[PDB]
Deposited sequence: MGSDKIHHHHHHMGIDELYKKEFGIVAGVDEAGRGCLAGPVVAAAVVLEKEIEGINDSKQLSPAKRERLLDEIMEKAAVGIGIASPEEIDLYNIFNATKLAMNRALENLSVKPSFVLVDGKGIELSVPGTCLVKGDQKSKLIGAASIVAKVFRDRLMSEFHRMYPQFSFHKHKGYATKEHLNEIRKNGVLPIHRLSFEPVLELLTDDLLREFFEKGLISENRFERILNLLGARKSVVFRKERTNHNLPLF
């Protein structure tokens, strides 16, 4: 909509920040931070290629473990800050998709920022394309799960897969739909095998015990 134009001149280097995967049942939250010089007008992958040519980009991830330990809001912020740390240029100001998120660099959050700002639009594209590739990797690791299709979102098929095959360490064990399927025995298996940390094990065992 052109909101970036307001921030072009008084705010030093400005980056746009967005995420992919906040709403998922499995996998990380992936954040992108983007500083664009040049003008930019699977249209996603078309745009990714132009972004790659015309922007400085940084990527930050927060794992299922971190989501389970810190909560989805803190984990998303952790990813976003990591994305800013990953940028080769240090921005002076950030435009962030959402509401009430305070990052390591001062900024402003825009509700539906991905429709209002080109910078944030560009960050949303990078984060989505890159997270989608990762989820396709996870279908290779866990072929009983169609992560390549649902991307770990709680679709009918994903839920059917969890019910039939069991929860995985890459599931967000603290989220009700997963937590309600998880057994004490499977959780102990994960810990026994070194598939989850002791901190994560204890956290989820508490959540399960209080049920």
Subject >> Deposited-sequence stretches lacking C-alpha coordinates, listed in sequence order >> reply: 1-12, 54-63, 234-250
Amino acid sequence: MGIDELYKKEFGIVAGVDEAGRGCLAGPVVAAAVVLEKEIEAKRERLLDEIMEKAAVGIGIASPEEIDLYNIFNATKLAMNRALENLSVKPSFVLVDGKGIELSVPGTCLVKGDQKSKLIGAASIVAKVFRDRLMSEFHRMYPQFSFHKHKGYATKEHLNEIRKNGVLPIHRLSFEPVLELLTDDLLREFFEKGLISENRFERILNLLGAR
From here on, numbers count along this sequence of modelled residues.
Original post:
Taking the recorded C-alpha temperature factors, which stretch has the higher mean, 69-77 or 96-104?
Top reply: 96-104
**OP:** Take the C-alpha B-factors listed in the entry for 15-23 and for 183-191, compute each mean, and give the stretch with the larger one.
**Re:** 183-191
**OP:** Please work out which residue in 56, 154, 178, 168 has the highest C-alpha B-factor recorded for this crystal structure.
**Re:** 178
**OP:** Name the residue from 83, 120, 126, 111 with the greatest C-alpha temperature factor listed in the entry.
**Re:** 111
Original post:
Taking the entry's C-alpha B-factors for this chain, is residue 143 in the lowest, middle or highest third?
Top reply: highest
**OP:** Compare the C-alpha B factor of residue 164 with those of the other modelled residues in its chain, then answer lowest, middle or highest third.
**Re:** middle
Original post:
Lowest, middle or highest third: where is residue 48 by C-alpha B factor in its chain?
Top reply: highest
Subject >> residue 204 - Cα temperature factor, lowest/middle/highest third of chain >> reply: lowest
Subject >> Third of the chain, ranked by Cα B-factor, where residue 172 sits >> reply: lowest
